[PDB]
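Report on the following structure.
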Ligand SMILES: CC(C)(C)NC[C@H](O)COc1cccc2c1CC(C#N)=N2
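In my numbering, the protein residues as written are 45 to 330.
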């Protein structure tokens with residue numbers, strides 16, 4: 045009866061995630077003063093992580109507690125699809141946030157003429173569409189199924205819900221859902237750092253016009269940098285673990301694999317906690 049304490053702790057992290065993220069989606073839902081562009085992208089993100097803490101983590105918690113899948117073959121397949129989708133969405137939205145920042149620094153003039161709230165919403169949508177095109181369909185067309193015996197044994201078993209995939213899909217899937225979006229997000233976040241240096245060097249050389257709209261686009265950068273940093277700190281561990289497994293399945297422990305996965309799962313709780321930093325959000329949290 046170690047199952048009772050486990051159910052406890054997991055219901056706690058479920059609390060942190062669901063409460064935090066609904067708080068974010070409802071705060072930006074109320075204060076129009078808060079409905080900035082970057083805040084709307086943070087909404088996309090909060091909806092992904094909400095889904096994680098609402099389904100991905102509860103159902104994934106039964107499986108860890110009970111050693112087996114108690115919801116049958118189809119719900120297994122689907123639940124996996126939703127985990128995958130949530131991560132793909134998170135990382136594509138972070139990528140987009142970095143790009144948005146770079147533009148809203150390098151071409152401030154052009155930026156306010158073109159980018160609006162409605163264009164932000166179209167963008168978030170298209171992101172979720174790509175996310176679901178790239179993640180959701182490969183699973184449902186079975187492109188992920190492995191030839192090996194024990195694999196099929198798991199497909200045949202409704203209590204077997206382990207993501208056992210062929211190696212071409214391990215590679216192409218992890219590149220497309222994760223490594224591409226990551227790389228673009230990092231290179232762009234760095235080009236953004238260097239712009240926000242040369243700018244804060246030459247703050248002297250700016251009309252109280254540019255020095256004030258960029259004074260507003262600039263603050264809330266440190267937060268975004270923290271968000272991105274931390275995300276990388278969970279999901280890169282998991283995905284590297286995942287790519288080594290293709291070279292040699294005996295090189296990674298099965299519980300390390302489960303650990304680094306629950307690392308990235310916990311990331312969906314960290315984001316709300318990282319918002320307690322900003323006085324704009326901190327006051328809105330009380
Ligand atoms: C318990 C499970 C395993 C269901 N959780 C999935 C994991 O959190 C995220 O896994 C992935 C996300 C995006 C792209 C991926 C991926 C695994 C592979 C492979 N080959 N390509």
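Backbone N, C-alpha and C fix where the C-beta goes; we use that ideal spot for every residue, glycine too.
Beta-ladder partner(s) of residue i, from DSSP
{"i": "residue 209", "result": "189"}
Pairwise C-alpha distance: residue j and residue i
{"i": "residue 282", "j": "residue 131", "result": "11 Å"}
{"i": "residue 237", "j": "residue 272", "result": "13 Å"}
{"i": "residue 168", "j": "residue 74", "result": "19 Å"}
{"i": "residue 138", "j": "residue 229", "result": "7 Å"}
{"i": "residue 326", "j": "residue 270", "result": "16 Å"}
{"i": "residue 293", "j": "residue 287", "result": "10 Å"}
{"i": "residue 183", "j": "residue 220", "result": "14 Å"}
{"i": "residue 278", "j": "residue 243", "result": "31 Å"}
{"i": "residue 140", "j": "residue 133", "result": "10 Å"}
{"i": "residue 51", "j": "residue 135", "result": "29 Å"}
{"i": "residue 298", "j": "residue 233", "result": "33 Å"}
{"i": "residue 88", "j": "residue 203", "result": "33 Å"}
{"i": "residue 276", "j": "residue 284", "result": "11 Å"}
{"i": "residue 63", "j": "residue 317", "result": "11 Å"}
{"i": "residue 186", "j": "residue 78", "result": "43 Å"}
{"i": "residue 126", "j": "residue 296", "result": "25 Å"}
{"i": "residue 90", "j": "residue 65", "result": "5 Å"}
{"i": "residue 265", "j": "residue 324", "result": "14 Å"}
{"i": "residue 46", "j": "residue 320", "result": "34 Å"}
{"i": "residue 329", "j": "residue 315", "result": "13 Å"}
{"i": "residue 254", "j": "residue 148", "result": "12 Å"}
{"i": "residue 53", "j": "residue 170", "result": "36 Å"}
{"i": "residue 267", "j": "residue 172", "result": "23 Å"}
{"i": "residue 177", "j": "residue 251", "result": "45 Å"}
{"i": "residue 263", "j": "residue 116", "result": "48 Å"}
{"i": "residue 227", "j": "residue 306", "result": "23 Å"}
{"i": "residue 222", "j": "residue 280", "result": "9 Å"}
{"i": "residue 339", "j": "residue 322", "result": "As displayed, the chain neither begins before 45 nor continues past 330, which places residue 339 out of reach and without an answer."}
{"i": "residue 122", "j": "residue 181", "result": "11 Å"}
{"i": "residue 48", "j": "residue 82", "result": "41 Å"}
Cβ shell of residue i (< 7 Å), same chain only, five flanking positions each side left out
{"i": "residue 190", "result": "208, 209 and 210"}
{"i": "residue 175", "result": "129, 132, 133 and 136"}
{"i": "residue 106", "result": "114"}
Sequence-distant residues of its chain with Cβ nearer than 8 Å to residue i (five each side left out)
{"i": "residue 290", "result": "211, 214 and 215"}
{"i": "residue 165", "result": "84"}
{"i": "residue 246", "result": "none"}
{"i": "residue 310", "result": "57 and 278"}
{"i": "residue 239", "result": "146, 149 and 150"}
Cut-off 6 Å between Cβ atoms - residues of its own chain near residue i, not counting five sequence neighbours on either side
{"i": "residue 145", "result": "236"}
{"i": "residue 128", "result": "179"}
{"i": "residue 312", "result": "61, 93, 96 and 97"}
{"i": "residue 143", "result": "232"}
Extract the residue ranges of the alpha helix (DSSP H) inside the region 117 to 201, only unbroken runs of 4 or more that lie entirely within it. With a minimum length of 4 residues, the continuous alpha helix (DSSP H) runs that stay inside the region 117 to 201 are 152 to 158, 161 to 184 and 193 to 200.
*asked:* Any contact between the region 188 to 195 and the region 208 to 215? By contact I mean 3 or more CB pairs, one from each, below 8 Å.
replied: yes
| said: Can you confirm whether the region 90 to 104 touches the region 53 to 67 when touching is taken to mean that 3 or more C-beta pairs between the two stretches lie within less than 8 Å? | reply: yes
Note down, one range per segment and in chain order, each alpha helix (DSSP H) of at least 4 residues found wholly within the region 244 to 305.
254 to 262 and 265 to 291
Touching by the beta-carbon criterion (3+ pairs, under 8 Å), the region 150 to 162 and the region 254 to 261: Because the criterion of three Cβ pairs below 8 Å is met, the region 150 to 162 and the region 254 to 261 touch.
The region 105 to 117 / the region 158 to 166 touching (three or more Cβ pairs under 8 Å):
Not touching, per the Cβ criterion.
Within 8 Å, do at least three Cβ pairs link the region 65 to 82 to the region 293 to 310? no
(Q) For a minimum of 3 consecutive residues, which ranges assigned as the beta strand (DSSP E) are wholly contained in the region 82 to 117? (A) none
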